[PDB]
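First comes the structure, then the notes that go with it.
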2 protein chains.
Amino acid sequence: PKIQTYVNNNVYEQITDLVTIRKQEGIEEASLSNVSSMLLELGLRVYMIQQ
Amino acid sequence: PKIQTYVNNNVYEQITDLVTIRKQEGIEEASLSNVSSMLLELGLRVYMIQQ
């Protein structure tokens, strides 16, 4: 399903910076949406480890 | 700004489970949106560490 969330401008920029980096690393299809989805899942995994 | 992304049903459920847990831990205002935003920032931090 869709998730709609809100971040500060600095965090937003850091995610868009990662889109550029991901493309440079050969992920031609990288987008704000699919980078965000990957980061959200990574954060979920780490937060569950730290519980 | 707003971020709109998409996750599988299992990941979505795990995030909603964390909303329930966060409320149980005293975060009365926890929501899918604000849990997601916190996880997205955590994932960003970990991914940048692992670069």
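Ordering of the structure tokens sets the chain letters (A, B, ...), residue numbers begin anew at 1 in every chain, and ligands are numbered from 1 in the order given.
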Practice item. Please identify every residue of chain A that has at least one atom no more than 6 Å from any atom of chain B, counting only C-alpha atoms, and report them as a VMD selection string. Key: chain A and resid 1 to 7 33 37 39 to 40 42 to 44
Restricting it to N, CA, C and O atoms, dump the selection as a JSON list (two decimals), in the first residue's frame.
```
[["chain", "number", "residue", "atom", "x", "y", "z"],
["A", 1, "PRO", "N", 0.81, -1.21, 0.00],
["A", 1, "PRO", "CA", 0.00, 0.00, 0.00],
["A", 1, "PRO", "C", 0.85, 1.26, 0.00],
["A", 1, "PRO", "O", 2.06, 1.21, 0.18],
["A", 2, "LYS", "N", 0.18, 2.39, -0.20],
["A", 2, "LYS", "CA", 0.81, 3.70, -0.17],
["A", 2, "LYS", "C", 1.07, 4.14, 1.27],
["A", 2, "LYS", "O", 0.26, 3.90, 2.17],
["A", 3, "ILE", "N", 2.21, 4.79, 1.48],
["A", 3, "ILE", "CA", 2.48, 5.52, 2.72],
["A", 3, "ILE", "C", 2.75, 6.96, 2.34],
["A", 3, "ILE", "O", 3.58, 7.24, 1.46],
["A", 4, "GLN", "N", 2.07, 7.88, 3.01],
["A", 4, "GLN", "CA", 2.33, 9.30, 2.86],
["A", 4, "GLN", "C", 2.82, 9.87, 4.18],
["A", 4, "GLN", "O", 2.11, 9.81, 5.18],
["A", 5, "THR", "N", 4.01, 10.45, 4.15],
["A", 5, "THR", "CA", 4.62, 10.98, 5.37],
["A", 5, "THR", "C", 5.27, 12.34, 5.05],
["A", 5, "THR", "O", 5.21, 12.82, 3.91],
["A", 6, "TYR", "N", 5.86, 12.96, 6.06],
["A", 6, "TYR", "CA", 6.40, 14.33, 5.94],
["A", 6, "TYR", "C", 7.72, 14.37, 6.66],
["A", 6, "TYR", "O", 7.83, 13.87, 7.78],
["A", 7, "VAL", "N", 8.71, 14.98, 6.04],
["A", 7, "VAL", "CA", 10.04, 15.17, 6.64],
["A", 7, "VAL", "C", 10.50, 16.62, 6.52],
["A", 7, "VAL", "O", 9.94, 17.36, 5.71],
["A", 33, "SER", "N", 10.68, 7.96, -4.57],
["A", 33, "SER", "CA", 9.76, 6.97, -4.04],
["A", 33, "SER", "C", 10.46, 5.65, -3.70],
["A", 33, "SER", "O", 10.26, 5.13, -2.59],
["A", 37, "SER", "N", 11.20, 4.04, -0.01],
["A", 37, "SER", "CA", 10.66, 2.73, 0.38],
["A", 37, "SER", "C", 11.75, 1.80, 0.92],
["A", 37, "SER", "O", 11.52, 1.05, 1.87],
["A", 39, "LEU", "N", 14.66, 2.84, 2.29],
["A", 39, "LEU", "CA", 15.09, 3.39, 3.57],
["A", 39, "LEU", "C", 14.08, 3.12, 4.67],
["A", 39, "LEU", "O", 14.48, 2.86, 5.81],
["A", 40, "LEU", "N", 12.80, 3.19, 4.37],
["A", 40, "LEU", "CA", 11.76, 2.94, 5.35],
["A", 40, "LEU", "C", 11.87, 1.48, 5.84],
["A", 40, "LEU", "O", 11.80, 1.23, 7.05],
["A", 42, "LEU", "N", 14.61, -0.42, 5.76],
["A", 42, "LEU", "CA", 15.84, -0.52, 6.53],
["A", 42, "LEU", "C", 15.65, 0.04, 7.95],
["A", 42, "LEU", "O", 16.06, -0.59, 8.94],
["A", 43, "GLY", "N", 15.02, 1.20, 8.05],
["A", 43, "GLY", "CA", 14.75, 1.79, 9.35],
["A", 43, "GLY", "C", 13.88, 0.90, 10.21],
["A", 43, "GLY", "O", 14.16, 0.73, 11.39],
["A", 44, "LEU", "N", 12.82, 0.33, 9.63],
["A", 44, "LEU", "CA", 12.00, -0.64, 10.34],
["A", 44, "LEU", "C", 12.85, -1.78, 10.91],
["A", 44, "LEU", "O", 12.72, -2.14, 12.08]]
```
Exercise for review: Report as a VMD selection string: the residues of chain A with a DSSP assignment of helix (DSSP H, G or I), based on the backbone of this structure.
Suggested key: chain A and resid 9 to 24 32 to 50
Selection to disk with C-alpha atoms, as a short mmCIF file (atom, residue, chain, number, x, y, z; two decimals), in the first residue's frame:
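Saved the output as selection.cif:
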```cif
data_model
loop_
_atom_site.label_atom_id
_atom_site.label_comp_id
_atom_site.auth_asym_id
_atom_site.auth_seq_id
_atom_site.Cartn_x
_atom_site.Cartn_y
_atom_site.Cartn_z
CA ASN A 9 13.76 20.03 4.21
CA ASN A 10 17.22 18.82 5.13
CA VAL A 11 16.15 15.16 5.40
CA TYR A 12 14.25 15.49 2.10
CA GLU A 13 17.38 16.83 0.44
CA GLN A 14 19.51 14.02 1.84
CA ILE A 15 17.13 11.49 0.34
CA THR A 16 17.22 13.23 -3.03
CA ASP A 17 21.03 13.25 -2.76
CA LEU A 18 20.86 9.49 -2.31
CA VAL A 19 18.79 9.17 -5.51
CA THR A 20 21.66 10.84 -7.38
CA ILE A 21 24.21 8.58 -5.68
CA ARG A 22 22.15 5.45 -6.40
CA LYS A 23 21.99 6.38 -10.11
CA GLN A 24 25.78 6.96 -10.07
CA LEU A 32 12.60 9.47 -4.47
CA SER A 33 9.76 6.97 -4.04
CA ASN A 34 11.80 3.78 -4.35
CA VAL A 35 14.75 5.07 -2.36
CA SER A 36 12.31 6.15 0.35
CA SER A 37 10.66 2.73 0.38
CA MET A 38 14.05 1.03 0.75
CA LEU A 39 15.09 3.39 3.57
CA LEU A 40 11.76 2.94 5.35
CA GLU A 41 12.23 -0.85 5.34
CA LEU A 42 15.84 -0.52 6.53
CA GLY A 43 14.75 1.79 9.35
CA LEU A 44 12.00 -0.64 10.34
CA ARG A 45 14.55 -3.48 10.55
CA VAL A 46 17.00 -1.47 12.66
CA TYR A 47 14.31 -0.10 14.97
CA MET A 48 12.98 -3.67 15.58
CA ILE A 49 16.56 -4.82 16.40
CA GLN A 50 16.87 -1.96 18.93
#
```
Practice item. Among the residues of chain A, find those DSSP assigns to strand (DSSP E or B) from the backbone and print them as a list in words. Key: residues 2, 3, 4, 5 and 6 of chain A
